[PDB]
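Chains, contacts and geometry: an overview
Now for the letters of each chain:
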Amino acid sequence: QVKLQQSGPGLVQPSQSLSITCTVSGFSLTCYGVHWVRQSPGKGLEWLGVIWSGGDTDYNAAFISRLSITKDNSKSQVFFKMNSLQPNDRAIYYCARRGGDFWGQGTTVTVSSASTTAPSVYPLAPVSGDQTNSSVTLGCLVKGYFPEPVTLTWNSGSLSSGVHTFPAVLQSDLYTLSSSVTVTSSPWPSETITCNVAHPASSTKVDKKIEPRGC
Amino acid sequence: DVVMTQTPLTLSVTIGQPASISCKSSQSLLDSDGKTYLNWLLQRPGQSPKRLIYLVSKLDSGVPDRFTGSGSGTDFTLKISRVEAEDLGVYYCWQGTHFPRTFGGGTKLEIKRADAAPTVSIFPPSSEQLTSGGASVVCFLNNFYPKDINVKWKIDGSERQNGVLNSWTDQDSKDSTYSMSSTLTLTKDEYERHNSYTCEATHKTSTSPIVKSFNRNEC
């Protein structure tokens, strides 16, 4: 295998430091440099720095003053740590192999002095189903949460096709995410559809099985 | 620094039709060691970037051979012979000869397919949510092609334009269409204080809007 799995805080308060640990696997840190680039929402891939196999680093002038990339050859881990984080340093941070391009899952950083609110997962079921044996569409709603990173799925990945997860929208400083699923008419009553959600920040794992209703 | 400029900013193209994207640097990318360091990446929605080409023309493993890398010095060009539904995403170009290891700004690739009307679905506030201070009526207008659409709510005929939050999906790697969801949200009482809730989407496929609604008096 070959993959750079990363870990770090999704929320940070202004000025507070940020530290992300990239745990590479599948190759050697004594043979490959690890790049740290981030992605400001809308903006794009900005390069922040690198630590070469010889432990020697090269930084982006714009960040040098507050960046500290270190690593542990044997532990197979690079260490990114930036200081004095301001609200505009909110982005998705990456860890990408120097050579054979392998990137990391990404680690999103929100920089605000605000709550970590746990989401409310409410199912969405069709009041009256479609008699025509074509399709039936269910949904899931995730309101009231803060650090944007939140995962959602249907029947725990088993239900993949027909899934549409819409990016969360922010109103009065809170996020609301929503996902849909469109099984055939036959599936919903027989097959058990469930929307599994989880806001990594408050450690909230939830399961909402879409059930029939009537008004 | 090395200013990388990708010219086509956005680019719509029919599946099967050729697509070239150009990347130009403000400095030659040929290094003293004799090599030119330029690699083309691809970042599909959601996922992480993937490098498709490296060393201007070499292809990465698994990277389909429909991609052609070419260029020299400051002028490089990417070329997809026939674009497929899975080519969607933004393409970037980076240089590894000079140190700030700069990146091109990106080139959005939008796949042109025929028009498609939304498959609108309406959802009433689930009792569990009702037990709280509010109620949210959600409308799913999905699978329409041209991204542009507009949903207008109505409560007992009187259109609602406040307390609504829309959200688009961004082109689907399969079926290449778009999607959106609109959620009108009221106060629990202000909700059951009415009867019919209307979600209606005006798309280019028709001259009259697509209307989906429900009545609290009947399922």
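Residues numbered from 1 in each chain as written, not as in the entry; some residues may be left out. Chains lettered and ligands numbered in written order. Heavy atoms only, no water.

As recorded in the entry header, the structure was determined using X-ray crystallography to a resolution of 2.9 Å.

Each strand in a sheet pairs with its neighbour through backbone hydrogen bonds, running either in the same direction (parallel) or in the opposite one (antiparallel). Residue and element names in this part refer to chain A. Taken in spatial order, the four strands make up an open sheet running β12-β13-β16-β15, and their pairing is antiparallel. The open sheet has two free edges, formed respectively by β12 (120-124) and β15 (163-170), since each of these has just one partner strand. The mean angle between the axes of side-by-side strands here comes to 15°, regardless of whether they run parallel or antiparallel. Bridging between β12 and strand β13 (residues 135-145) involves five bridges; their strand directions are antiparallel. Residue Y122 lies in a different strand from β13, and its bridge partner there is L141. (Pairing = 2+ DSSP bridges. Helix = DSSP H or I, 4+ residues; strand = E, 2+ residues; numbered from the N terminus. Axes fitted to C-alpha atoms, helices over the stretch in contact; angles between N-to-C directions.)

With that out of the way, let us pick up the layout of surface pockets. In this structure, the second largest pocket spans a volume of roughly 490 Å³. Lining the second largest pocket we find 25 residues, and of these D130 of chain A together with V120, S121, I122 and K212 of chain B sit closest to its centre. Mapped onto the lining of the second largest pocket, the elements with two or more residues apiece are β13 of chain A together with β11 (119-123), β12 (134-144) and β18 (210-215) of chain B. Top contributing element to the lining of the second largest pocket by residue count: β11 of chain B, with five residues. Looking at the lining of the second largest pocket residue by residue, the class counts come to eight nonpolar, 14 polar and three charged. (1 Å grid on protein atoms, 1.4 Å probe; cavity = no way out; pocket = protein on both sides within 12 Å on 5 of 7 lines; lining within 4 Å. Points joined across faces, edges and corners; volume = space filled by probe spheres on them. Nonpolar A, V, L, I, M, F, W, Y, C, P; charged D, E, K, R; others polar.)

All names here are of chain B. Here strand β3 (residues 19-25) lies mainly inside the structure; five of its seven residues are buried. Bridging between strand β1 (residues 4-6) and β3 involves three bridges; their strand directions are antiparallel. Paired with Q6 across the bridge in β3 is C23. Of the strand pairs in this sheet, β3 and strand β8 (residues 75-80) are connected by six bridges, and their pairing is antiparallel. Across the sheet, the residue bridging to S22 is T77, located in β8. (Buried < 20%, exposed > 50% of the residue type's maximum accessible area, 1.4 Å probe, protein only.)

For the rest of this paragraph, the subject is the domain arrangement of chain B. Residue and element names in this part refer to chain B. Assigned domains of chain B: these are domain 1 (1-113) and domain 2 (114-219). Contacts between the two partners involve ten residues from domain 1 and, on the opposite side, eleven residues from domain 2. Between domain 1 and domain 2, the buried area comes to about 870 Å², and carbon and sulfur atoms account for 43% of it. For the domain 1 face of the interface with domain 2, the top three residues by lost area are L88, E110 and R113, together amounting to 63%. At the boundary of domain 1 with domain 2, the tally comes to one salt bridge. Two residues, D175 and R113, come together in a salt bridge whose shortest N-O distance is 3.7 Å. Viewed at the interface, domain 2 and domain 1 are joined by three residue pairs in polar contact. The biggest single contributor to the side of domain 1 that touches domain 2 is strand β10 (residues 107-112), with four residues. (Domains from an automatic or database assignment. Contact = heavy atoms within 4.5 Å. Buried area = accessible area lost by both parts, 1.4 Å probe. Salt bridge = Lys/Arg side-chain N within 4 Å of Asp/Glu carboxyl O. Polar contact = N/O pair within 3.5 Å; in protein donor to acceptor, adjacent residues only side chain to side chain.)

Before going further, it helps to examine the sheet that holds strand β13 (residues 150-155) of chain B. All names here are of chain B. Spatially, four strands are ordered β14-β13-β17-β18 in an open sheet, and the strand pairing comes out antiparallel. Two strands bound the open sheet, and with one partner strand each, they are β14 (158-160) and β18. Pairs of neighbouring strands in the sheet enclose a mean axial angle of 25°, with direction left out of account. The pairing of strand β17 (residues 196-202) with β18 spans six bridges and is classified as antiparallel. Pairing of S196 across the sheet is with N215, part of β18.

As a further point, take the interface of chain A and chain B. Reports of interface size often rely on the accessible area that becomes lost once the parts have come together. In this assembly, 42 residues from chain A lie in contact with 40 residues from chain B. With both chains or domains summed, chain A and chain B bury close to 3300 Å², and 63% of this area falls on carbon and sulfur atoms. At the junction of chain A and chain B, the tally comes to one salt bridge. Joining chain A to chain B, the criterion identifies twelve residue pairs in polar contact. Elements represented by at least two residues in the side of chain A that touches chain B include exactly β4 (34-40), β5 (44-51), β12, β13, β15 and β16 (175-184) of chain A.

Let us look at the pairing of strand β3 (residues 18-23) of chain A. Look at any regular strand and the pattern is simple: side chains alternate between the two faces of the sheet. Residue and element names in this part refer to chain A. Bridge count between strand β1 (residues 5-7) and β3: three bridges; the pairing is antiparallel. Directly across from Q5, in β3, lies its bridge partner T23. Here six bridges tie β3 to strand β8 (residues 77-82), and the two strands are oriented antiparallel to one another. By the bridge assignment for β8, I20 is matched with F80.

Residue and element names in this part refer to chain A. Under the domain assignment used here, chain A contains domain 1 (1-113) and domain 2 (114-212). Summarising the inter-unit geometry, the C-alpha centres of domain 1 and domain 2 are found 32 Å apart. A buried area of about 500 Å², summed over both sides, lies between domain 1 and domain 2, and 63% of it is on carbon and sulfur atoms. Linking domain 1 to domain 2 there are zero salt bridges. Taken together, the connections running from domain 1 to domain 2 amount to two residue pairs in polar contact. When its residues are assigned to classes, the side of domain 1 that touches domain 2 shows one nonpolar, four polar and one charged.

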